[PDB]
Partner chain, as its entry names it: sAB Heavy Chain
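Listed next as structure tokens is one chain, alone, in the form deposited without the partner chain.
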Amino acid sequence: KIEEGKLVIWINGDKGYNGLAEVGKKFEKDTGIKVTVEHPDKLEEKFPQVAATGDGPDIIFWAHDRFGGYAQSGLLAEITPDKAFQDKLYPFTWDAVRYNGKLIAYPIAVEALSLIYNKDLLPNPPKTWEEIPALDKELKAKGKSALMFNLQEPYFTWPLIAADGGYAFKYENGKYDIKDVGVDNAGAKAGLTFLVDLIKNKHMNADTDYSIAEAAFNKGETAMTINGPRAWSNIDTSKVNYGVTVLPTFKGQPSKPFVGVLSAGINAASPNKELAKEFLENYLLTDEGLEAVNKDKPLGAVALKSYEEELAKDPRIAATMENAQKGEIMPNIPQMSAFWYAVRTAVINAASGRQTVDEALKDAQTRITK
């Protein structure tokens, strides 16, 4: 049983938890209510256990995609922001915190993949995927390659596959039609057929993983990479002069990266739901609140329009948000585990020719909708 007249908050150890504690001390100064911030190991696994017995934290911070399953077991309270508050955040971020109609969390930060490029090797980054093969040949003439990124995970290759028509599950009004999957349509086939060609024409190597591509870009061996906010700190140490920009189009259509939204949810068993709404809406989700956390550990792009416009003076964060607005919000439904598994196999079997593109995608679609 959770204690009343108090706030306990769980956030991961790699986020700005000391900044969040500073926002809490301010709350404690205005109300007399104490806020305890903790960052337990494996908290996304521990929460469902302790919350099942009416225990755990009052507020939990995690990416939005774990929240659909918490909500399925009734572990999260429905939230009640008015339209005025809702209008202070980007509209698309609210779509990440709906579970079958209900708002079940507050959107905090937004994360998406971007095209990262070496400004010394590349004056102007390519605007389309179609011109990367010719560009790769030019650079190969000087002993450099055009693009290297993790091909092992579907998270990294999906932007291209989804560009001309692919999608995980059809979304409408806060609900995903779990029998409407877009892995086997013409769009996904066009995109996967472009990727395997890059591999057959030797512009890329099928065994390239995250470590390989990061090392090559950071050593200056390749002109581009595809990665997210988490990678920037290591490139900083490398001293490569880099830019971060919108991903290339394919068949004239924007690449569609998966969008992950750091979210804050309220324990349904919490006796302090009003205090929690007050802390989140009026202390944390303000320029001052978001600033205190970001100064401890950068959040990346944020959901709050007002502060985002100030963060976007950094072109790396502005590109992150631009890519996020063109991307695909990651489905928060349990059926996504089937998607990740099937799509990973499909891409790997097609890149190795162990299977055709049409066959590889046909099998994945079947595996996901069965």
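Residue numbers count along the first chain shown, from 1.
Student: When the Cα temperature factors in the entry are averaged, is it 203-211 or 264-272 that ends up higher?
Tutor: Result of the comparison: 203-211.
Student: Would you determine, from the values in the PDB entry, which of 170-178 and 187-195 has the greater average C-alpha temperature factor?
Tutor: The stretch with the larger average C-alpha B-factor is 170-178.
Student: Just grab whichever of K34, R344, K305, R66 has the top CA B-factor as deposited.
Tutor: The listed residue with the largest C-alpha B-factor is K34.
Student: How does the C-alpha B factor of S233 compare with the rest of the chain: lowest, middle or highest third?
Tutor: It falls in the top third of the chain.
Student: If you rank every modelled residue in this chain by C-alpha B factor, which third holds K29: lowest, middle or highest?
Tutor: According to the entry, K29 has a C-alpha B-factor in the chain's highest third.
Student: State the tercile, meaning the lowest, middle or highest third, of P57 with respect to the CA B-factors recorded for its chain.
Tutor: Middle third by C-alpha B-factor.
Student: Taking the chain's C-alpha temperature factors as the reference, tell me which third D120 falls into: lowest, middle or highest.
Tutor: Within its chain, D120 is a highest-third residue by C-alpha B-factor, going by the deposited values.
Student: Among the modelled residues of this chain, does the Cα B factor of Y99 put it in the lowest, middle or highest third?
Tutor: Highest third, going by the recorded CA B-factors of the chain.
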